[PDB]
> 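Here it is: the structure, laid out below.
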Amino acid sequence: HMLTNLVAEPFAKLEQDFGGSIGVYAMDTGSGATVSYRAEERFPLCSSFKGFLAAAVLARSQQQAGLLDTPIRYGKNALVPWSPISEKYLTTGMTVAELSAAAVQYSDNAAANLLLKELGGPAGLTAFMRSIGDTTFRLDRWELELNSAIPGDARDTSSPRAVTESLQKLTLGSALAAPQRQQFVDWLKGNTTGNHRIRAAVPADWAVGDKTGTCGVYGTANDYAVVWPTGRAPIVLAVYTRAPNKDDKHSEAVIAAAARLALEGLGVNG
Ligand SMILES: O=c1cc(CP(=O)(O)O)c2cc3c(cc2o1)OCO3
């Protein structure tokens with residue numbers, strides 16, 4: 001509890017300036033030390049479920065060889081706002097692996113819905129999360145309905161701690177086989193949507209993979225990441241926000257500041 005107490009006050013000040021709630025869980029995988037702030041509260045996943053979705057696809061690809069190379073064709077009605085990759089391949093289709101990369105690295109919404117369909121919907125993704133020991137995660141809806149971020153609504157939420165614990169298992173632990181684990185890491189490392197969030201807190205010489213989420217209402221946005229500082233074990237962390245009013249805006253700078261405090265609390269000089 002020592003490290004959590006070290007940063008309790010700056011976290012409270014940060015969220016009060018933000019005007020909402022900030023949830024953080026950070027784990028140093030070397031020492032096992034952790035930093036928590038509102039780490040067991042539920043926050044909306046927004047797009048951050050798409051990382052776990054790709055991991056669930058990779059897990060299935062261990063038993064279904066050729067799943068990743070399977071071409072998926074889709075119609076115009078499958079396109080959803082913020083489908084920047086899949087809209088370019090509407091007339092050709094894309095492979096499951098390409099859809100997974102697009103979902104992770106561009107937060108592509110049509111790609112996410114197509115992969116959800118492959119897995120049996122929100123309950124199928126939830127079942128995968130249960131299979132790795134995550135009893136907190138729940139996905140209930142599809143894009144874009146899952147972004148409603150209604151205060152008090154448990155649908156389409158998890159906790160920062162559960163997100164970090166599941167991310168650790170999938171990227172560093174044994175939840176995925178070694179080739180699939182590295183592919184998941186590589187997709188996270190190539191994300192293009194998180195330059196102003198956890199990455200803004202990480203020195204240029206450290207490797208980082210992340211997945212963002214932005215609900216667009218209720219000041220609700222997030223990012224989770226694995227960070228490989230030089231000379232020490234990797235850090236896994238999750239930063240989630242929400243706010244009381246529908247029109248409250250999220251803040252990427254607040255997410256970056258919260259990540260900085262978490263790393264400072266862990267003693268990670270950065
Ligand atoms: O700033 C953002 C960033 C994201 C991508 P991510 O942070 O969720 O991953 C975003 C995605 C959207 C959207 C607005 C968004 O605003 O409307 C439909 O899909």
Side-chain angles (χ1 to χ4, degrees), residues 18 20-24 42-57 74 76-90 98-116 122 125 137 139-150 153 155-158 160 163-164 166-167 184 186-202 208-226 237-243 246-259:
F18 166 60
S21 301
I22 299 175
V24 173
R42 285 183 175 281
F43 290 79
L45 290 159
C46 318
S47 299
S48 73
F49 81 93
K50 296 166 187 162
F52 296 122
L53 177 66
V57 171
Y74 47 94
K76 204 178 207 61
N77 55 2
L79 297 179
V80 157
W82 200 290
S83 300
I85 307 301
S86 53
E87 73 187 3
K88 304 315 170 190
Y89 298 85
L90 171 63
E98 291 181 311
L99 293 168
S100 300
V104 174
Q105 300 176 333
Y106 291 87
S107 210
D108 195 290
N109 275 327
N113 278 348
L114 285 166
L115 296 169
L116 273 169
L125 184 51
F137 180 101
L139 201 74
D140 296 81
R141 291 173 295 168
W142 305 69
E143 292 286 0
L144 308 157
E145 294 75 29
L146 60 84
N147 297 292
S148 55
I150 293 164
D153 187 353
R155 289 181 298 175
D156 309 294
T157 63
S158 196
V163 167
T164 295
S166 288
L167 186 62
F184 187 40
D186 287 346
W187 280 339
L188 293 169
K189 283 176 153 199
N191 181 35
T192 72
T193 64
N195 291 347
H196 308 287
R197 296 180 191 195
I198 294 169
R199 281 176 196 266
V202 169
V208 47
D210 85 291
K211 178 74 199 82
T212 53
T214 307
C215 278
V217 285
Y218 289 104
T220 296
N222 53 66
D223 196 22
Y224 57 67
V226 183
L237 74 165
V239 179
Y240 282 68
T241 76
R242 69 148 300 102
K246 190 177 175 180
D247 289 344
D248 285 338
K249 296 319 167 187
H250 70 276
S251 171
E252 298 196 286
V254 163
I255 292 172

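Just follow the structure's listing: the first ligand is 1, and inside any ligand the first atom is 1. Index from 1, following the sequence.
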> Output the list of atoms in ligand 1 that are nearer than 4.0 Å to some heavy atom of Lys211, sorted by atom number.
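That gives atoms 9 (O) of ligand 1.
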> What class does the angle between the rings of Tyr240 and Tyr224 fall in, given that below 30° is parallel, 30 to 60° is tilted and above 60° is perpendicular?
parallel
> Give me the atom names and distance for the closest heavy-atom approach of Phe18 to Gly219.
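Result for this residue pair: CZ-O, 3.5 Å.
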> Going by distance only, is there an N or O of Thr193 that falls short of 3.5 Å from an N or O of ligand 1?
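Not met; the criterion fails.
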> Shortest non-hydrogen contact from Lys50 to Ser107?
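For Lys50 versus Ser107, the nearest heavy atoms are NZ-O, 2.8 Å.
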> Under a 4.0 angstrom heavy-atom cut-off, which atoms of ligand 1 come close to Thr212?
6 (P), 7 (O), 9 (O)
> Quick one: which ligand 1 atoms are inside 4.0 Å of a heavy atom on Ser47?
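Every atom of ligand 1 under 4.0 Å from some heavy atom of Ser47: 6 (P), 8 (O), 9 (O).
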> If the threshold is 4.0 Å, N to carboxylate O, is there a salt bridge linking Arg199 and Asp210?
yes
> In Å, rounded to the nearest 0.5 Å, how long is the span from CG of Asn191 to CD1 of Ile198?
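The distance works out to 10.5 Å.
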> Under 4.0 Å from a heavy atom of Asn109: give me the atoms of ligand 1 that qualify, with their elements.
18 (C), 19 (O)
> Using side chain to side chain donor-acceptor pair (under 3.5 Å) as the criterion, point out the one residue from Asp108, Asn113, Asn109 that pairs with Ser86.
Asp108
> Using distance alone, determine whether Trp82 and ligand 1 share an N or O pair under 3.5 Å.
no
> Do me a favour and list the nearest non-hydrogen protein atom to atom 7 (O) of ligand 1 with residue, atom name and distance?
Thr214 OG1, 2.5 Å
> Within the structure, is a non-hydrogen atom of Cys46 found at a distance of less than 4.0 Å from ligand 1?
no
